[PDB]
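What follows is each chain in one-letter form.
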Amino acid sequence: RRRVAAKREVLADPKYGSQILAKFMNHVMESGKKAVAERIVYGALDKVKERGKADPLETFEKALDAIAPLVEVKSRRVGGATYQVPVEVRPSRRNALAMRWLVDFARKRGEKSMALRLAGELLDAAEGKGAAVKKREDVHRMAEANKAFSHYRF
Amino acid sequence: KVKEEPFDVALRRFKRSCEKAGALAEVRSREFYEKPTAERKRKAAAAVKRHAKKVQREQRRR
Amino acid sequence: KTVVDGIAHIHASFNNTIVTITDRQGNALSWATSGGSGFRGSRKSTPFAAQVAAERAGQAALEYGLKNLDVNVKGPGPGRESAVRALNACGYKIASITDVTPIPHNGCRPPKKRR
Amino acid sequence: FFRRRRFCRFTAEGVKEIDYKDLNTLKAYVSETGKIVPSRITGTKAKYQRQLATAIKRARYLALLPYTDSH
RNA sequence: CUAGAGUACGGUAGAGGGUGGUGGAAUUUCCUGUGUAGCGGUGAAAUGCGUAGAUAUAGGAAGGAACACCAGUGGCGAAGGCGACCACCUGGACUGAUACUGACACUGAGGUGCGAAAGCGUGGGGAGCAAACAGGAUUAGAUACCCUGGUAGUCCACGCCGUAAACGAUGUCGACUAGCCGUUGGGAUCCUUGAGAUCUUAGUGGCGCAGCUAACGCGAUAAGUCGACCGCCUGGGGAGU
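Cut-offs applied
Residues numbered from 1 in each chain as written, not as in the entry; some residues may be left out. Chains lettered and ligands numbered in written order. Part of a larger assembly, values for the part shown. Heavy atoms only, no water. Residues with missing side-chain atoms left out of burial classes, pairs and counts. Helix = DSSP H or I, 4+ residues; strand = E, 2+ residues; numbered from the N terminus. Near = heavy atom within 4 Å. Polar contact = N/O pair within 3.5 Å; in protein donor to acceptor, adjacent residues only side chain to side chain. Nonpolar A, V, L, I, M, F, W, Y, C, P; charged D, E, K, R; others polar. Contact = heavy atoms within 4.5 Å. Patch = residues over 30% accessible without salt bridge, like charges linked within 9 Å, V, L, I, M, F, W, Y side chains within 5 Å. Areas by Shrake-Rupley, 256 points an atom, 1.4 Å probe, with all protein chains shown as cover. Salt bridge = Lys/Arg side-chain N within 4 Å of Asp/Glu carboxyl O. Buried < 20%, exposed > 50% of the residue type's maximum accessible area, 1.4 Å probe, protein only. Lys, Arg positive; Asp, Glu negative; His and termini not counted. Charge placed at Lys NZ, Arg CZ, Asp CG, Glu CD. Pairing = 2+ DSSP bridges. Axes fitted to C-alpha atoms, helices over the stretch in contact; angles between N-to-C directions. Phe/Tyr/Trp six-rings, centres within 6.5 Å; stacked < 30°, edge-to-face > 60°. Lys NZ or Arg CZ within 6 Å of the ring centre and 35° of its normal.

- The record lists cryo-EM as the method behind this PDB entry and 3.6 Å as its resolution.

Here's what the structure looks like:
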């Protein structure tokens, strides 16, 4: 495994003037349906401005940082015993963990009018009663039972 | 024995003074009995690893 | 009840670690073990669990005072030195650290070798 | 050459029959714990190293030198 | 006759034997105080041990065997073997000087002895370890490995048995044959301060030229060049029966 991987960049959001939202828009697109997914992300953006008077970017700015975790396990097996090691999440990685958890719980929300499913997800995570926040903190609890394996056979 | 002055100094004066005295490898060889033939293998293999080390270093000392 | 200048005994096997706070008279004040902190297995033998049980012995020792400690470390296992760094974390003046180790000059013969 | 001069700590002088009485000599050859030193550290000649080990074991018997840090 | 061999005289070095005695650390059982929920074990568990107060921890008593560090391609012994300290008897080897005996030597079929360990007989003694065995686990199955227990035995006195990869897979004895680096013990010579120097015997190791060897490899501690006596081999199974 010679190290090869360079970096490709996508940063385009002219109708709002943002950068995090464009990368979040790519996690919603299925099979290249970009124009469909573009009006749903704005469709769940204006309902927050309908709901809260604050600029809904900052609601999205707050909802990331209550779904984004800090440490997580890593099942590195010693070759004769299956161990798990709580590891520090790299700062570049920890953005995409929240955005990928957020969409997958929006699809099982079970409402009508699809942009209302994602609307309720970004409202809860500014408070903490979301299922993504409950899925965040449970994996946080898995690390301290794992904390004995932090350095030793790790 | 290690007396005390910060605390990190007296730790490394204790981790090292135990090892420089011993009584840590000797404990590790009290948990299985070696028959005296197997204790004549340590006496055999370590004597080879010392007299060959006096000659392989001379190649570096060329 | 008030006593000062106690003695901390640390017993460290390959599978468990037992910490006991005593006096100069050799009387029990507070004992705490690695299994009582709820590990019970492969996690039991870690030097992290020798910090959890070390401070928990250092909290029922403030019932009687004991602003000065004298540490005897005993055993081959891991957590042999990690437990000392978890003592003055509770705020105890550690005076001196001392190895006590049972080493027979010839002794009885040990059990046989595993296969 | 500290291991070289200690060979001459017994051979340069006519102190061939060492005694278990000069504790000022014997404390140079005992480690901090109590166990006896090797002969590749002092570098003493192996005629005297065998003779040095008897004067330790007799002085240890008369409680002039300890065994361990326990007692 | 004195070059082989042996004696008398100084002198060193050694776990070489046998008979008693005395230590210190650690393990276990027991007693007593404090103290209170687990200990122990393992890829992971379970059998087991625990409030009828364990582990831990301190004090005390009894008893049994082994003898850390020094300790090393180091020593001694005919080989097996031999490591605490002291007394007690007791064998042989090294090294120097000097006198004496004057070949008194070598090997050895038969025969005589000393023979690890397991085992066997009568009597002691019973700390740990541990075949047989018991239980748990693993396992299609597991008498096995691993875990918790556990008896003969291991220890001592007296007597027996006689085999082992009893090994340097090389019988004992004697004489010649380039070198170099180590090491035990002992005299030398030497300028002398040596971390000295070189030479010489008695051991014990690492490389190496001639030479030999089917090859690997030995090579002044020969499997090289030669002598003296002895033991033994003759295709594989059947059968060391």
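1. What about the overall build of chain A?
And step 1. Summing up its helical and strand segments, chain A has seven helices and two strands in all.
And step 2. Along chain A, helices (α) and strands (β) appear in the sequence α-α-α-α-β-β-α-α-α when read from the amino end.
And step 3. By principal-axis analysis of the C-alpha atoms, chain A measures approximately 55 × 40 × 25 Å.

2. Things to note about the protein's contact with RNA strand E
And step 1. The full set close to RNA strand E counts 54 residues, and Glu-26 of chain B, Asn-16 and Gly-26 of chain C together with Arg-50 and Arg-58 of chain D are the nearest of them.
And step 2. Sugar and phosphate atoms constitute 76% of the interface atoms of RNA strand E, taking the interface as everything within 4 Å of the protein.
And step 3. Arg-115 of chain C places a polar main-chain atom, nitrogen or oxygen, 3.3 Å from a phosphate oxygen of RNA strand E.
And step 4. Contact distances for RNA strand E include 2.6 Å between a phosphate oxygen and a side-chain N or O atom of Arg-50 of chain D.
And step 5. When contributions to the surface near RNA strand E are tallied by element, the ones reaching two or more residues are α3 (36-51) of chain B, β3 (28-33) of chain C together with α4 (46-61) of chain D.
And step 6. For the surface near RNA strand E, the element with the most residues is α4 of chain D, which contributes seven residues.
And step 7. Residue composition of the surface near RNA strand E, grouped by class: 17 nonpolar, 19 polar and 18 charged.

3. Quick notes on the side chain of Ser-37 of chain C
And step 1. Mapping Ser-37 of chain C onto the fold places it in the loop between β3 and α1 (49-57).
And step 2. Excluding residues within four positions of it along the chain, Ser-37 of chain C makes contact with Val-52, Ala-53 and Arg-56 of chain C.

4. A short note on a nonpolar patch on the surface
All names here are of chain D.
And step 1. A surface patch of nonpolar side chains, about 350 Å² in accessible area, is lined by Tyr-61, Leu-62 and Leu-64.
And step 2. Looking at where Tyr-61 falls in the secondary structure, it is placed in helix α4.
And step 3. Judged by its relative accessible area of 69%, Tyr-61 falls in the exposed class.

5. Topic: a positive patch on the surface
And step 1. There is a patch of like positive charges on the surface, built from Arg-12, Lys-15, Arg-16 and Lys-20 of chain B together with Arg-85 of chain C.
And step 2. As for its placement among the helices and strands, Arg-12 of chain B is situated in helix α1 (residues 7-21).
And step 3. A residue is classified by how much of its surface remains accessible, and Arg-12 of chain B, at 64% relative accessible area, is exposed.

6. Focus: the sheet that holds strand β5 (residues 93-99) of chain C
Residues and elements named next belong to chain C.
And step 1. Pairing is mixed in the open sheet, where five strands are placed in the order β3-β2-β1-β4-β5. Looking at strand neighbours, the two that pair on one side only are β3 and β5, the edges of this open sheet. Going from strand to strand, the sheet's axes swing by 20° on average, the running direction of each strand aside.
And step 2. By the bridge criterion, six bridges tie strand β1 (residues 6-12) to strand β4 (residues 68-74) in an arrangement that is parallel. Pairing of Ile-10 across the sheet is with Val-73, part of β4.

7. What to know about the pairing of strand β2 (residues 17-22) of chain C
Residues and elements named next belong to chain C.
And step 1. With five of its six residues buried, β2 lies for the most part within the structure.
And step 2. Joining the antiparallel neighbours β1 and β2 is a turn of four residues.
And step 3. Two elements, β2 and β3, share five bridges in a ladder whose sense is antiparallel. Each bridged residue has a counterpart across the sheet, and for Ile-18 the counterpart in β3 is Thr-33.
And step 4. As consecutive antiparallel partners, β2 and β3 are separated by five residues, and within that stretch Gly-26 has a phi angle of approximately 75°, a positive value.

8. A closer look at the arrangement of the chains
And step 1. Contacts are most numerous between chains B and C, considering all four pairs of chains that are in contact.
And step 2. Separated without contact, chain A and chain B have their nearest C-alpha atoms at a distance of 19 Å.
And step 3. Separating chain A from chain D is a minimum C-alpha gap of 31 Å, and the two share no contact.

9. Considerations on the pattern of salt bridges
Residue and element names in this part refer to chain A.
And step 1. The tally for this structure, following the rule as stated, stands at 13 salt bridges over all chains.
And step 2. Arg-109 is the partner of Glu-121 in a salt bridge, and the nearest nitrogen-oxygen pair spans 2.8 Å. In this pair, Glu-121 is assigned in helix α6 (residues 115-124) and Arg-109 in the loop between α5 (94-106) and α6, connecting sequence segments 12 residues apart.
And step 3. A residue is classified by how much of its surface remains accessible, and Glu-121, at 5% relative accessible area, is buried.
And step 4. Residue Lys-129 pairs with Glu-127 through a salt bridge whose shortest N-O separation is 3.9 Å. When sorted by exposure, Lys-129 lands in the same class as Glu-127, which is exposed.
And step 5. Overlapping salt bridges, with partners in common, bring together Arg-109, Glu-111, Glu-121 and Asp-124 in one network.

10. Examining a negative patch on the surface
And step 1. Taken together, the side chains of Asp-55, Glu-58, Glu-61 and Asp-65 of chain A present a region of like negative charge at the surface.
And step 2. Relative to the helices and strands, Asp-55 of chain A resides in the loop between α3 (46-51) and α4 (56-64).

11. A few points about the packing of aromatic side chains
And step 1. Overall, the coordinates contain five aromatic pairs over all chains when judged by the stated rule.
And step 2. Aromatic rings pair up to connect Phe-10, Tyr-29 and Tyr-48 of chain D into one cluster.
And step 3. Above the plane of the ring of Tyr-33 of chain B lies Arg-109 of chain C, whose end atom (NZ or CZ) is 4.2 Å from the centre.
And step 4. The positively charged end of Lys-21 of chain D is found above the aromatic ring belonging to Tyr-20 of chain D, 4.4 Å away from the centroid.

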